[PDB]
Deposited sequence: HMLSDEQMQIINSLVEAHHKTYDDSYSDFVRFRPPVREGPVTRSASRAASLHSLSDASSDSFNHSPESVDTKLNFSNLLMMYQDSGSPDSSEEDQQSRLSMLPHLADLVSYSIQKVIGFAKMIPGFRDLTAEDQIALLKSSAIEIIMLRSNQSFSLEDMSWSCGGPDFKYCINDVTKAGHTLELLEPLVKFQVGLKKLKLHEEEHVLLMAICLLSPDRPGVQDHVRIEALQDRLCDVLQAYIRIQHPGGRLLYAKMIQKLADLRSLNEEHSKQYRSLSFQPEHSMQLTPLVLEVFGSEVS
């Protein structure tokens, strides 16, 4: 057996959307408030995350079917999955040699400690690094990585989603595209699909922990003032 034209077009559109919304040089990082090493890394990391939300929105808008959902479902899906898509996309900068995200030079090399200086704890950072190491070891094809992000985004089990039948259908269409890609194009991927679906479960708990820690930060006006309007809106409680 082989992939159909429709399945192939889905892969093409997703890979192109990722190439359009992810810069491997990290050249836009010089435009953020600079890194500093009380929560010295918060301005830089808030700017980094704000920039990445914009990219995730860019990517999302090109996922086949996403543009057809209501502005409400689009927002509900973006709000609840943004941090998970940010965690997935960050894997491309993660290095197993130094257990860090390497984004250009000495300034943009981020370790656990730097994120601690952004108001985060090891209750989040220890499983994040473990998730990063695990996902990195899966040696995903660009097609699988892009499909995993789109699958994550289109999870119907999110607070605020209204049309859980239409989102579940788009997600299943994407899950079949992934399953077939691994079967046809990935030699030795016999257990990959399962391992990948298990990574989405990991993201849910990482998401829960981030939200808790973010709520703490967002409630202290001296820290919330260092965030951006986009971060506040996306990670905020408004309906």
| property | result |
| --- | --- |
| Parts of the chain sequence, as deposited, that carry no C-alpha coordinates in this structure | 38 to 97, 300 |
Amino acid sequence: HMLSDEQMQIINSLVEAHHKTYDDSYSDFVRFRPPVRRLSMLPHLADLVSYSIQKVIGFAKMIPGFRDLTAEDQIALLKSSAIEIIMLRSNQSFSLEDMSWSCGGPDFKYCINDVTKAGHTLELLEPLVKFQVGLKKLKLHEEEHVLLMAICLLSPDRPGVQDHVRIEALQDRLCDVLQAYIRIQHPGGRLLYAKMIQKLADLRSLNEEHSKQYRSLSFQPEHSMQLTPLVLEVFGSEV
From here on, numbers count along this sequence of modelled residues.
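Between two forms, the rigid core is defined as the largest C-alpha subset superposing within 1.5 Å.
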query	finding
Which of 130 to 138 and 105 to 113 strays further in 6 other deposited structures of this protein - Cα RMS after rigid core alignment	105 to 113
Mean C-alpha B-factor comparison - 175 to 183 and 51 to 59, higher one	175 to 183
Per the entry, higher mean C-alpha B factor between 85 to 93 and 130 to 138	130 to 138
Assigned third (lowest, middle, highest) for the C-alpha B factor of residue 207	lowest
Third of chain Cα B-factors occupied by residue 120	middle
Modelled-residue ranking by C-alpha temperature factor, third containing residue 79	lowest
Chain thirds of CA B-factor: placement of residue 103	middle
CA B-factor placement of residue 30, once the chain's modelled residues are sorted into thirds	middle
